[PDB]
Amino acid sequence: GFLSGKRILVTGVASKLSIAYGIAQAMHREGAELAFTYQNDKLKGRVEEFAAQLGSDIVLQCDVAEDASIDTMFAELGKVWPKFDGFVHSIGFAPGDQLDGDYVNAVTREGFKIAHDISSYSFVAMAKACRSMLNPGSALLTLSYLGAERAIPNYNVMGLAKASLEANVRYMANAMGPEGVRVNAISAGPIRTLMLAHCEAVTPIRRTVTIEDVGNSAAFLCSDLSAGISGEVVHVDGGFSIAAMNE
């Protein structure tokens, strides 16, 4: 497929319901050689199973909250893939407390800190650590949400974290482009499995999107077919965002 010959590190696979699983499958379907990371020991077995299914042996633990963990993981990785072609960053977190009720009341300095650190900085931290291992024509990709652009009830601080992320994309595309590295994001709509009857009613295509839809777009965005696209945030929400007062 259009990714054959590409070596992509995939991040954030927690379940087969997870957006990253969908991204992995599509990428694998298109011919990519994949690597996986997992946050904690509890996840390892699971990740290992999926990886095999997808023809992979490369399963490394990585906690993006710690710079060491990051450096370690990419040292191990270089033993198998001394050069590779990018990675998919599908990681986000904010303390659940932050995610309910009045934003002004909910928000805290630490909650603010963590959300931003995990949800946005980790992206550039990862890029910082593997910069010399990336091949010309590599592509990095993260996942975002409408919440970065508009105020959405309860999304609260995550919204701010996502806005920081989408700016990280532009600053990374600008810095890394001259070395043949592309950086994009996908702003995904809400996914039925992983309000919605509102979303479906109002989304132009009249359905919510699927991990498959998201996965297909991600594959395209990490392949050479999208070589003229960098620093972009692509909406994969079935047009949900460009419609208004859809009675």
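In this text, residue numbers run from 1 along the sequence as written. The term rigid core refers to the most C-alpha atoms you can superpose between the two forms while keeping them within 1.5 Å.
Once the structures in 8 other deposited structures of this protein are superposed via the core, the pair 179-187 and 195-203 is resolved in favour of 195-203 as the more displaced stretch (C-alpha RMS). In this entry, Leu194 and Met195 are separated by 10 or more residues of the deposited sequence that lack coordinates. Averaged over Cα atoms, the B-factor as recorded in the entry is higher for 51-59 than for the other of 51-59 and 209-217. Here the stretch with the larger average CA B-factor, out of 119-127 and 92-100, is 92-100. For the set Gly111, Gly86, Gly159, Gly177, the PDB entry assigns the largest Cα B-factor to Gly111. Taking the deposited Cα B-factors for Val236, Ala227, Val233, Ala20, the highest one is held by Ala20. Sort the chain's modelled residues by C-alpha temperature factor and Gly189 lands in the lowest third, per the entry. Annotation for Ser69: C-alpha temperature factor in the middle third relative to the rest of the modelled chain, per the entry.
Sort the modelled residues of the chain by CA B factor and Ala151 lands in the lowest third. Sorting the modelled residues of the chain by their CA temperature factor places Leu43 in the highest third. The deposited CA B-factor of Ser15 belongs to the highest third of values across its chain.
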